[PDB]
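Residue numbers (the authors' numbering), protein chains in the order written: chain B, 9 to 489; chain A, 9 to 489. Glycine included, each C-beta is placed from N, C-alpha and C at the ideal position. Here the structure comes first, spelled out in structure tokens, and everything after it is commentary.
2 protein chains.
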Amino acid sequence: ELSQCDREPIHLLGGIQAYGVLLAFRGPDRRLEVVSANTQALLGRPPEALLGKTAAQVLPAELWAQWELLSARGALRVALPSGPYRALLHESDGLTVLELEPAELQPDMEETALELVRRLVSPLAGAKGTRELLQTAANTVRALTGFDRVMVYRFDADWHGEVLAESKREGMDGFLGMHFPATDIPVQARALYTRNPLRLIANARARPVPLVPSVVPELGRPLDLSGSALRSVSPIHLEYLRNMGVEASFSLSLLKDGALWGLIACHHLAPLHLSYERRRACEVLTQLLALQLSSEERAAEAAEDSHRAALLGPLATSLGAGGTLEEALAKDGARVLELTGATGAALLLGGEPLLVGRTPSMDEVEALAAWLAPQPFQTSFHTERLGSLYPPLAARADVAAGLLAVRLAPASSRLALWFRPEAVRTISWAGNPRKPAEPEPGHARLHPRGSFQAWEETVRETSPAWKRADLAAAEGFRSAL
Amino acid sequence: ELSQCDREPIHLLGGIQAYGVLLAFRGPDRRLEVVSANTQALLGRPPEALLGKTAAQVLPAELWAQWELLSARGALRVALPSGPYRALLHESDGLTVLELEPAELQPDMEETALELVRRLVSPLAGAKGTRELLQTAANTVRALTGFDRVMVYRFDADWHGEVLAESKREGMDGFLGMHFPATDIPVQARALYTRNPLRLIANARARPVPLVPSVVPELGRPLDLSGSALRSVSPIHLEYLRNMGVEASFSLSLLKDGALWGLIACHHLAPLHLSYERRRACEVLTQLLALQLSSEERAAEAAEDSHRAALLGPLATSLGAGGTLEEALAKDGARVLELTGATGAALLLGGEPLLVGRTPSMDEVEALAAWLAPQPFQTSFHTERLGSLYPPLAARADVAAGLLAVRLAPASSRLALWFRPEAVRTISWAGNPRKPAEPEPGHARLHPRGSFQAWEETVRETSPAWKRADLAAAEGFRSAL
Numbered sequence: 009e010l011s012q013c014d015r016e017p018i019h020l021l022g023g024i025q026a027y028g029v030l031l032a033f034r035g036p037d038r039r040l041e042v043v044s045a046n047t048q049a050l051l052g053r054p055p056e057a058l059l060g061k062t063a064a065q066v067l068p069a070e071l072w073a074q075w076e077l078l079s080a081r082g083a084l085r086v087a088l089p090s091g092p093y094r095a096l097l098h099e100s101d102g103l104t105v106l107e108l109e110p111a112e113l114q115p116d117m118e119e120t121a122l123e124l125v126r127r128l129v130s131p132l133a134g135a136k137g138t139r140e141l142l143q144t145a146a147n148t149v150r151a152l153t154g155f156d157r158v159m160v161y162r163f164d165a166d167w168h169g170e171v172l173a174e175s176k177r178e179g180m181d182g183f184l185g186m187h188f189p190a191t192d193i194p195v196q197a198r199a200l201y202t203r204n205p206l207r208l209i210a211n212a213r214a215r216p217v218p219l220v221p222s223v224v225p226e227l228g229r230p231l232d233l234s235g236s237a238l239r240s241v242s243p244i245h246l247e248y249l250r251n252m253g254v255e256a257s258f259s260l261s262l263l264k265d266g267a268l269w270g271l272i273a274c275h276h277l278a279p280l281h282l283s284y285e286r287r288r289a290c291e292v293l294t295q296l297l298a299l300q301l302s303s304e305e306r307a308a309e310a311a312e313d314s315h316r317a318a319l320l321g322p323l324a325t326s327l328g329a330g331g332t333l334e335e336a337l338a339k340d341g342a343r344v345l346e347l348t349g350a351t352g353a354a355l356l357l358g359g360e361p362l363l364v365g366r367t368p369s370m371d372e373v374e375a376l377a378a379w380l381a382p383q384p385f386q387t388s389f390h391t392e393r394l395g396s397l398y399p400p401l402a403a404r405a406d407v408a409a410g411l412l413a414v415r416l417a418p419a420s421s422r423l424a425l426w427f428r429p430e431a432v433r434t435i436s437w438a439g440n441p442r443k444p445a446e447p448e449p450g451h452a453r454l455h456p457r458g459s460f461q462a463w464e465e466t467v468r469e470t471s472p473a474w475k476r477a478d479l480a481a482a483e484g485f486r487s488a489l
Numbered sequence: 009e010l011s012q013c014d015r016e017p018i019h020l021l022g023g024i025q026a027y028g029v030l031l032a033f034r035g036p037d038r039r040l041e042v043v044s045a046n047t048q049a050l051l052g053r054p055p056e057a058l059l060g061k062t063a064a065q066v067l068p069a070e071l072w073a074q075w076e077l078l079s080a081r082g083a084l085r086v087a088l089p090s091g092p093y094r095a096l097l098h099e100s101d102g103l104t105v106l107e108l109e110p111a112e113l114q115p116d117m118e119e120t121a122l123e124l125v126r127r128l129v130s131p132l133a134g135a136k137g138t139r140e141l142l143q144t145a146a147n148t149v150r151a152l153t154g155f156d157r158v159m160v161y162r163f164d165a166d167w168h169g170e171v172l173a174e175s176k177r178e179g180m181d182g183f184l185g186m187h188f189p190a191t192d193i194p195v196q197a198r199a200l201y202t203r204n205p206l207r208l209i210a211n212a213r214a215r216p217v218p219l220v221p222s223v224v225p226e227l228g229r230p231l232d233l234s235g236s237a238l239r240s241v242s243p244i245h246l247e248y249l250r251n252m253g254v255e256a257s258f259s260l261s262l263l264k265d266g267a268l269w270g271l272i273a274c275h276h277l278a279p280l281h282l283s284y285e286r287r288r289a290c291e292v293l294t295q296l297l298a299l300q301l302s303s304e305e306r307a308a309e310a311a312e313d314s315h316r317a318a319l320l321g322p323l324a325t326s327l328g329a330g331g332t333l334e335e336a337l338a339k340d341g342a343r344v345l346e347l348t349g350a351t352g353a354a355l356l357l358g359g360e361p362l363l364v365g366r367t368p369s370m371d372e373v374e375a376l377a378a379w380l381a382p383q384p385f386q387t388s389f390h391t392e393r394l395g396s397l398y399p400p401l402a403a404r405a406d407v408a409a410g411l412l413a414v415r416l417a418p419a420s421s422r423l424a425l426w427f428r429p430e431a432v433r434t435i436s437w438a439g440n441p442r443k444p445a446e447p448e449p450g451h452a453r454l455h456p457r458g459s460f461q462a463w464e465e466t467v468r469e470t471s472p473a474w475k476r477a478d479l480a481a482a483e484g485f486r487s488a489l
């Protein structure tokens, strides 16, 4: 509810999860640094007893006997006299970063390394379009992770999120349709997901284990939790998850050649850990799907271009055929509409223009044509908020909110347009979860009936974004006479 | 007609590599049914004494101990008193494949192999396209294995494929660029390669393992070695393998959808045996490369399709702009070249055709119009070779390249044609396509070749390939143009 939820820099959170064990060495002498209370119980002696003395003395040298290889490998699992723990090495701010974690309690003779990739690539049989790729990906992750819930989200130009895909376990509610407002996930978290391919939360019931000394003079601020897989989350987002009641959560990044494409998320209502074996498959998954989606998106874009060029074909057949031009185009106006995506279109013949699809008022049609005339567009106009430009046409919002336009003739007043109203009917009503929750929330922090309200307010009085292929094709339409 | 080097049912020879061992069991009780020759070494019991005995005493204790979970997995790392070994499981003809072979040695290598695999999906890959990925994959595979010769191999429509990328050792021959005939590898060999992706040979001088009994009583024939990996290669292929003295090799096939596109070959002058898990890791790379190769090949297909459709743009627009089509063609002769890539073409307007480019003499074009009319064709046919159809077509050596002609109607009066000027290329073919085979003592089979040089297999009176997207664009031009 704070005004800094958007603004709070996540990197100053400090706190850590329950099972994390903070470890660090200072350069040459490898001297120790900030520690945590839960960390001492793993080694046994209290943190202040750990605090202040040499690296080797606080060092489990029987585990350090693998550091010479850790410098390159970054990680392996070693059996502590207590239990098997996975080594974790990182570097941050000219400082070492060491981390341990309770490894798989299961004796796991089977489910070895690299069997995961063999298990998961086999479903990737078809791989024709874009949707089914992530579809089958989520389906495979369902069995792999073995958890309740999965999400596939795609962003916008302004990075607004939307629930693209999902696959439920039995005994919950589908969440297809809601649009995730870009506000909730700040630019900082976006940058995190760009730089960091993986992150998970084990339990929402976990507590923000403190770190002492909290501040260090060399920074006047703690250490950045970049390489740490145990980095905590802002209490607001934690409260969001609490509202969700989903104590287990995992996530995959989606990146398009330096630009973050979208989000993939795993979830489970009950709290449960993840085997370190399972998680290493993910970054390989990320890389392969990234190259696959790059290729597939390029192919689909080219295919759409080809389809539009082909659709120019039937119009070219009609152009040249006998009969008046206006009625000839009235015959196939419906088949012309989808070429632009706009609901309707018209054009200035010198006389009355003819339109199809949604119907703005006729006198309004001449009025807006006359209004458009003074503005000196060299070739075309394009906008998503035509109503903001001209408020009296904002009054007629449900028929037009953002359009395209191009001069039919530059010299004479012959023009043409493609009007498209606000994107409300476009997305289905699935942008709500329904089922009014019995516990009444403030819901300013909740997507069920609470969020997407800011999103709909933002998109309110705004048409979907245009795409330049139709803009280029417009001159083809112009070329009739 | 089937040749002996094609008809051969390798699965029925019962040839097995010597170093390993494989037996099976009869009935649900799993009593001994199949008895390989080399058993007494590791079993400690004579093979004929082993004949007829029960699994309750022959097998190791730990084998039964983890057999229940083994049926759910298939492979088990045995720790026999003689040494480490591995067991594989498979069901075929109602039998139970139970094998043993030396196990892998290095404990912590497979995890590093992940990075090896992760090296293939490195971000600095595919910076330009295919060949980068193809070459890098070969080097990564060689580094993973360590070997003498590594290379890749494509397939042809006629199935005479050749080599694009190679990863050589230092100080020996390199067959990069070399082309082979299709008969080199049998068609049934290809078919059986479709099913199984893994074929290893340890030593070229290895001898096949005989089977007692010689044939399976119920089958009347040796049971299929499809699921088996210790299966020996065909003796004719062994002739092939020792022609250049290669002592070790392995098969790395890959398909697109049922249809195999290429393979990867390795040739070692030293006889070596390679472990199960190394092979298991390797094939993941094969599927990854197959799926990605499908991705950008579809992308490029769509891209060039879109390009051709766009080229149809200005000409379709100018069709209605110009008065008569022939004058438009005359004024846009350069603009009607790129249509198929080939420059010269012509078309009969019911009468005298409009010749453009390096057109043959007209009398020839009416001769061809009279020709190919009794010949059945629904719309057209592209003839990469023309003299074979009719030698006076080859008489015009300038246009000795591809021909294709569309008669606007199946019984059209007005006609359209298109051709390609003759182009000359060159390629290297190991062995001779001139010779059909090599003789064998008694001619029970046909021997392989002995020479692997060029003979300068350049093409002559040939054409650059008529690619099918161009053929599809011919149907776009078929639309009452």
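Going along the chain, which residues of its own chain have a beta-carbon closer than 6 Å to the beta-carbon of residue i, five neighbours each way excluded?
i	result
residue 190(A)	166, 167, 168
residue 276(B)	155, 156, 256
residue 423(B)	356, 415, 416
residue 291(B)	205
Are the CB atoms of residue j and residue i within a distance shorter than 8 Å?
i	j	result
residue 392(A)	residue 435(A)	no
residue 386(A)	residue 418(A)	yes
residue 246(B)	residue 278(B)	no
residue 86(A)	residue 97(A)	no
residue 410(A)	residue 471(A)	yes
residue 249(B)	residue 161(B)	no
residue 216(A)	residue 242(A)	no
residue 5(B)	residue 45(A)	Since the first residue of chain B shown is 9 and the last is 489, residue 5(B) is not available in this structure.
Quick one: residues in its chain with C-beta nearer than 7 Å to the C-beta of residue i, no 5 flanking neighbours on either side, listed in chain order?
i	result
residue 175(B)	146, 147, 150, 158
residue 452(B)	9, 458
Checking contacts by CB at 8 Å: is residue i closer than that to chain B?
i	result
residue 344(A)	no
residue 349(A)	no
residue 313(A)	yes
residue 119(A)	yes
residue 403(A)	no
residue 289(A)	yes
residue 318(A)	yes
residue 34(A)	no
How would you list, in chain order, the residues of chain A whose beta-carbon sits under 9 Å from the beta-carbon of residue i?
i	result
residue 129(B)	292, 295, 296, 299
Which bits of chain A does residue i rub up against, with CB to CB less than 7 Å?
i	result
residue 306(B)	307
residue 303(B)	303, 304, 307
residue 487(B)	325
Is there at least one Cβ from chain A nearer than 8 Å to residue i's Cβ?
i	result
residue 154(B)	no
residue 125(B)	yes
residue 331(B)	no
residue 137(B)	no
residue 132(B)	yes
List the residues of chain A that residue i touches, going by C-beta distances under 8 Å, in chain order.
i	result
residue 484(B)	321, 325
residue 235(B)	By Cβ distance, chain A contributes nothing, its closest Cβ being about 17 Å from residue 235(B), past 8 Å.
residue 310(B)	307, 310, 311, 313, 314
Evaluate contact between the segment 371-383 of chain A and the segment 336-353 of chain A, counting only Cβ atoms and requiring at least three cross-stretch pairs below 8 Å.
They do not touch, by the three-pair rule.
Cβ contact check for the segment 226-238 of chain A and the segment 17-32 of chain A: 3 or more pairs under 8 Å
Yes: at least three Cβ pairs fall under 8 Å.
Given 8 Å, three or more beta-carbon pairs between the segment 330-340 of chain A and the segment 289-304 of chain A
As far as the Cβ criterion goes, the segment 330-340 of chain A does not touch the segment 289-304 of chain A, which means the pair count is below three.
How about the segment 119-138 of chain B and the segment 95-111 of chain B: do they share at least three Cβ pairs that are nearer than 8 Å?
For the pair of segments examined, the segment 119-138 of chain B was found not to touch the segment 95-111 of chain B: the number of CB pairs separated by less than 8 Å stays below three.
Count the CB pairs spanning the segment 261-269 of chain B and the segment 62-77 of chain B that are closer than 8 Å, and state whether there are at least three.
No: the two stretches stay apart, fewer than three of their Cβ pairs being nearer than 8 Å.
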